[PDB]
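Just below is one structure, and these are the notes that go with it.
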Amino acid sequence: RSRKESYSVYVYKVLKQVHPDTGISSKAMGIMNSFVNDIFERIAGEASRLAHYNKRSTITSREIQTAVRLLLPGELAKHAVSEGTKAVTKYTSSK
Amino acid sequence: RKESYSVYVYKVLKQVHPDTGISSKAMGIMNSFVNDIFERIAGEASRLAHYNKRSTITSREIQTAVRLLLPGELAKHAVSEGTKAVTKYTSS
Amino acid sequence: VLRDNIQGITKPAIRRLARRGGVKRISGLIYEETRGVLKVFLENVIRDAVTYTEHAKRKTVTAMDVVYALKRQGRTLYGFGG
Amino acid sequence: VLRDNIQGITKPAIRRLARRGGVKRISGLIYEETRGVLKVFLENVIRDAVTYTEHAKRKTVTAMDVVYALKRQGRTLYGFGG
Amino acid sequence: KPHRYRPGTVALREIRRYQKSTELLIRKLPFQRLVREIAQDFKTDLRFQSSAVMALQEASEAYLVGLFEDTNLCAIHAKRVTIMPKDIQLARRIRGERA
Amino acid sequence: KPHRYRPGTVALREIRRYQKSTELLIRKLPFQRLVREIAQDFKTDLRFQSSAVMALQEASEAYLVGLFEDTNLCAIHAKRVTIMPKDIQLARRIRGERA
Amino acid sequence: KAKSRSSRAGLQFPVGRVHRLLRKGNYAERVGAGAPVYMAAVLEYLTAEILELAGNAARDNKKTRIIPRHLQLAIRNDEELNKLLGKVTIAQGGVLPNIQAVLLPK
Amino acid sequence: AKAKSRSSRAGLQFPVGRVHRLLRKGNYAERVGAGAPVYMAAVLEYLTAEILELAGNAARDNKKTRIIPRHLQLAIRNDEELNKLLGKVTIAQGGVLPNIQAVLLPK
DNA sequence: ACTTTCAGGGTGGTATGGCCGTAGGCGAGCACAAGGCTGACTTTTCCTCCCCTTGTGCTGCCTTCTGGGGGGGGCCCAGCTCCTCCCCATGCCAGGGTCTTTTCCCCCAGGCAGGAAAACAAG
DNA sequence: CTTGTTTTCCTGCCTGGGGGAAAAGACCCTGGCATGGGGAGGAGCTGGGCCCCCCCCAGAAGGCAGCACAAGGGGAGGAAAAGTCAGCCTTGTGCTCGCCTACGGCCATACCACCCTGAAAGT
């Protein structure tokens with residue numbers, strides 16, 4: 031049987047980070063996987079359209095950030111942009 | 033330089049209305065229509081290939097994109113047009 | 021599974037849907053209107069699902085076919101894959 | 021253009037828009053309501069367009085920026101390029 | 037004579053009960069029969085996954101509940117508490133299903 | 037005494053006149069100033085293409101006319117001919133702009 | 013004997029430029045040979061369908077030129093075209109003349 | 012060199028490498044930059060943590076220790092921003108928010 | 001009308017996809033309770049609908065004055081193009097660290113019985 | 001304003017079932033290396049967006065009359081809501097069949113890539 035893949039493992043790690051003593055059901059995990067895939071598809075499509083509008087061939091963290099600003103409401107976009115910028119800074123400037 | 037479908041929208045107008053002309057404003061609108069439908073069809077065919085784990089957009093993916101996006105009688109005639117074109121194009 | 025199954029969406033079921041919608045009083049003509057609305061909605065989703073199934077050269081409609089049909093209509097569904 | 025330009029959408033202009041919309045009679049609070057609704061709509065569209073303009077590293081909002089901002093809000097606009 | 041509740045309080049209790057729950061309010065077998073009957077017109081000798089029928093049912097319940105919320109708002113707009121077909125029609129026309 | 041029209045006939049003739057035309061019903065300069073005032077809270081020192089401002093005006097006018105049609109339907113739903121702010125509120129809520 | 017592919021398919025829309033647009037549009041890794049032919053046939057059919065109705069509207073107003081108003085009239089009068097372009101604003105197109113029957117004098 | 016995980020390097024839990032692969036194979040552009048997966052995996056982790064925290068709060072309010080679809084739906088429909096983000100999304104077996112209009116309540 | 005950019009012709013290579021074979025998962029089909037949900041009838045109440053009337057808010061009209069629309073001119077900055085090149089992303093291969101699937105068992109959720117409390121509506 | 005009456009919440013007890021941990025592997029991610037190409041940057045150029053000037057007349061704004069429409073009150077009737085009772089049909093269980101789908105293996109042609117040129121379409 032061919033192996034499928036999902037975000038369940040990382041969803042579970044984030045859940046154990048944010049709520050160490052509460053669990054999650056299989057249906058809720060499936061909903062979480064659908065949500066992660068939906069948001070990934072949204073952001074990636076918006077970044078693709080951005081790079082095509084600007085006659086570019088590379089999707090960059092700049093396109094990802096502008097997609098995040100175009101797609102998420104005020105405070106969610108603010109905090110998501112901050113998280114992405116800090117993650118990229120840590121990735122580039124260390125280890 | 034810049035390209036468009038003005039040469040081909042005009043050659044289509046002179047086939048359905050040989051006397052009627054077109055404004056540059058109406059022609060520019062017809063260019064946004066053609067580009068908007070093309071991106072609609074190509075985007076749906078792109079998803080159709082990805083769902084089926086294919087890596088090629090063939091006439092089958094365009095035919096299914098057309099039947100998903102156009103309404104009832106528009107799709108029956110658009111598909112009949114595309115099928116008739118490929119049949120004549122492949123057979124010499 | 022061949023004829024007249026729209027009547028299987030019974031008046032009590034429509035009343036329960038209205039109650040979940042917060043409706044307090046229901047006219048007697050609302051049931052046969054809700055049935056037509058539901059019929060139109062199901063026709064629109066199932067047409068796209070069957071189109072996906074036929075494109076995949078399959079004979080069984082799948083939850084993924086239904087999910088794609090719903091997504092194409094701006095009705096993204098979570099919980100059945102995707 | 022610094023302050024209080026919403027009043028430039030005059031009551032005769034709002035009546036003209038309502039007349040094109042088929043409205044026969046208009047209450048007096050409709051003008052303020054419409055000014056607020058238009059302000060919210062414009063804020064949304066111009067925020068999206070300025071996002072595109074800033075990503076393109078430009079200082080000028082182009083008609084293509086507005087067309088993209090309108091497309092991603094579900095309101096396609098024909099006649100200004102694209 | 038026995039004890040009877042006033043017309044409209046059991047309706048409020050039912051609203052509370054059905055808005056506290058998540059279960060499906062249409063029986064599964066008649067809905068499945070409706071789904072198969074509709075799919076007949078699109079392709080004969082079709083098969084369905086149980087998950088496909090379940091996804092269709094969940095989508096239909098969500099759609100109908102949201103439409104009933106908008107219908108209730110139109111009814112309250114017309115100074116009524118009884119929802120009528122014209123309220124469903126107004127809701128659908130405004131959200132863009134009737135044009 | 038002079039001749040005057042009854043309230044409503046001039047309204048209908050204005051409807052007929054403005055439903056046959058395409059020209060923008062808002063004055064271009066005060067609309068441009070409003071657009072530039074709104075954009076000032078997103079980025080200072082913004083330049084605007086004339087076609088960009090024209091596109092914004094066409095979009096805004098089409099949006100307002102389409103909204104006034106729904107507002108008129110909501111007003112008629114309540115057995116009225118006059119449109120009120122609650123009609124606009126109901127139309128926008130059912131559309132999804134107010135939820 | 014270097015015939016064009018549009019002439020091979022019998023179309024007035026550019027099969028070659030449609031093929032290039034499909035190849036450079038990031039739609040898939042590969043584009044089949046009949047895909048641009050099908051797409052250019054569909055686009056030509058739709059353009060002809062809209063232009064026919066727009067010219068009919070123009071002749072209805074004793075005008076020899078198609079304008080955005082005529083395109084709007086064609087789209088909004090045709091039921092299938094109205095459904096297809098249901099979320100599209102035609103610049104300088106206006107609206108259909110429509111008055112609710114309750115607003116007319118009795 | 013001992014293979015070091017890019018998610019660990021970035022500080023995230025989400026799969027930076029799998030996100031890069033999905034971006035490359037999704038037909039979004041000719042090329043994908045090195046910071047694009049790291050940024051997308053941070054955004055997807057933040058948006059996961061937000062919903063999970065709100066749904067854990069909703070589960071605790073109901074005296075449950077296991078998140079079920081009801082808790083996610085309550086979180087989304089009670090958060091103003093998440094409701095806007097997921098306004099066209101149906102949660103299976105999620106129910107609706109408790110809400111009765113004042114007009115229908117007894118006098 | 002000139003042109004200059006791009007679509008077509010010919011050839012090489014391989015990789016995607018089509019075809020045959022195969023096995024099992026799951027979808028369809030048939031019994032069989034039985035009991036919980038549905039359908040139907042009855043009461044009656046309360047909500048909708050119609051009619052009337054008042055006054056208030058909207059429209060129609062007229063006059064004054066402002067400011068939007070239309071040229072006219074200057075200017076300077078911002079968007080676009082071009083040429084360098086260098087740093088980044090791509091392609092490929094080897095090897096292990098991560099993630100997927102299977103197994104299981106124990107705690108969290110579901111069911112039930114019994115009691116207490118909380119609104120409801122009659123008087 | 002009391003008292004009886006359904007309905008729901010709470011708590012203890014029993015139970016089951018599904019989720020969280022453990023283990024083997026398989027599969028893709030990371031490291032290392034070579035390499036073409038895209039985009040960042042330094043100029044240069046000019047198109048257009050801004051800004052000011054003048055004029056004028058068309059449209060906005062304010063006021064006034066008057067009327068018609070929105071709203072509130074009152075009454076009648078008819079149509080839902082609630083309750084009860086008989087039936088039926090959903091559903092949960094169990095057993096069977098075989099069809100369809102997904103994987104494997106092989107290979108064939110269809111598409112990419114590249115080198116040239118002529119012609120199509122853009123100004």
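Protein chains in written order, with PDB author numbering: chain D, 31 to 125; chain H, 33 to 124; chain F, 21 to 102; chain B, 21 to 102; chain E, 37 to 135; chain A, 37 to 135; chain G, 13 to 118; chain C, 12 to 118. C-beta atoms are modelled at their ideal positions from N, C-alpha and C, and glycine is treated no differently.
Which bits of chain F does residue i rub up against, with CB to CB less than 7 angstroms?
i	result
D/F65	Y98
D/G60	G99
Spatial neighbours of residue i within its chain, please: C-beta separation below 8 angstroms, excluding the five flanking residues on both sides.
i	result
H/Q95	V111, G114 and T115
C/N89	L65, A69 and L108
Please list, in chain order, all residues of the same chain as residue i whose beta carbon is under 7 angstroms from its beta carbon, the five residues on each side excluded.
i	result
D/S78	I89
H/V118	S91
E/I119	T107, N108 and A111
G/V43	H31, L34 and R35
In chain C, which residues lie less than 7 angstroms from residue i when you measure between Cβ atoms?
i	result
residue 139 of chain E	Limits of chain E in this structure are 37 at one end and 135 at the other, which puts residue 139 of chain E out of reach.
D/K43	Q24
E/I51	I111
Could you have a look at residue i and say whether DSSP puts it in helix, strand or coil?
i	result
B/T82	coil
C/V43	strand
D/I54	strand
H/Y37	coil
B/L97	strand
E/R42	coil
F/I29	coil
B/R40	helix
A/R134	coil
C/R17	helix
B/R23	coil
B/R67	helix
B/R92	coil
A/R49	helix
D/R31	coil
Going along chain G in order, which residues have a C-beta closer than 8 angstroms to the C-beta of residue i?
i	result
A/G44	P117
A/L48	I111, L115, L116 and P117
For residue i, which residues in the same chain have their Cβ closer than 6 angstroms to its Cβ, ignoring the five residues on either side in sequence?
i	result
G/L55	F25
B/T54	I34
G/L85	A69
E/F84	none
Counting only Cβ pairs nearer than 9 angstroms, list the residues of chain H close to residue i.
i	result
G/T76	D51, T52 and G53
Quick one: list the residues of chain H neighbouring residue i, beta-carbon separation under 7 angstroms, in chain order.
i	result
F/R92	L100
Taking C-beta pairs closer than 8 angstroms, name the residues in chain E that residue i reaches, listed in chain order.
i	result
C/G106	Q55, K56, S57 and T58
List the residues of chain B that residue i touches, going by C-beta distances under 9 angstroms, in chain order.
i	result
D/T96	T71, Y72, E74 and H75
G/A103	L97, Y98, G99 and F100
Is residue i near the ligand FAD, with its Cβ less than 6 angstroms from a heavy atom?
i	result
G/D90	The model depicted lacks the ligand FAD and carries no ligand whatsoever.
Applying a beta-carbon distance threshold of less than 8 angstroms, which residues of chain A neighbour residue i?
i	result
G/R88	Here the premise fails: no neighbours, minimum Cβ distance about 12 angstroms.
Just the chain H side, please: which residues come within less than 8 angstroms of residue i by C-beta, in chain order?
i	result
G/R42	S87, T88 and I89
Which complete beta strand (DSSP E) runs does the stretch 68-115 of chain G hold, if anything under 3 residues is left out?
100-102
Quick check on the DSSP output: what are the complete alpha helix (DSSP H) runs of length 4 or more inside the stretch 51-128 of chain A, in order along the chain?
64-75 and 86-113
Can you list the alpha helix (DSSP H) stretches of 4 or more residues lying completely in the stretch 57-110 of chain D, in chain order?
Look at the stretch 57-110 of chain D and you find these whole runs of alpha helix (DSSP H), each 4 residues long or longer: 91-101.
Where the stretch 71-89 of chain A meets chain B: residues whose CB sits under 9 angstroms from a CB there:
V71, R72, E73, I74, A75, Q76, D77, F78, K79, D81, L82, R83, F84, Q85, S86, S87, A88 and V89
Using a Cβ cut-off of 9 angstroms, which residues of the stretch 76-96 of chain H contact any Cβ in chain G, in chain order?
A77, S78, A81, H82, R86, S87, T88, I89, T90, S91, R92, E93, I94 and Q95
Closer than 7 angstroms, Cβ to any Cβ of chain C: which residues of the stretch 93-107 of chain E, in chain order?
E94, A95, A98 and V101
Could you name the residues of the stretch 53-83 of chain G whose beta carbon sits closer than 8 angstroms to any beta carbon of chain A, in the order they occur along the chain?
In summary, the residues of the stretch 53-83 of chain G whose CB is separated from some CB of chain A by less than 8 angstroms are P80 and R81, in the order they occur in the chain.
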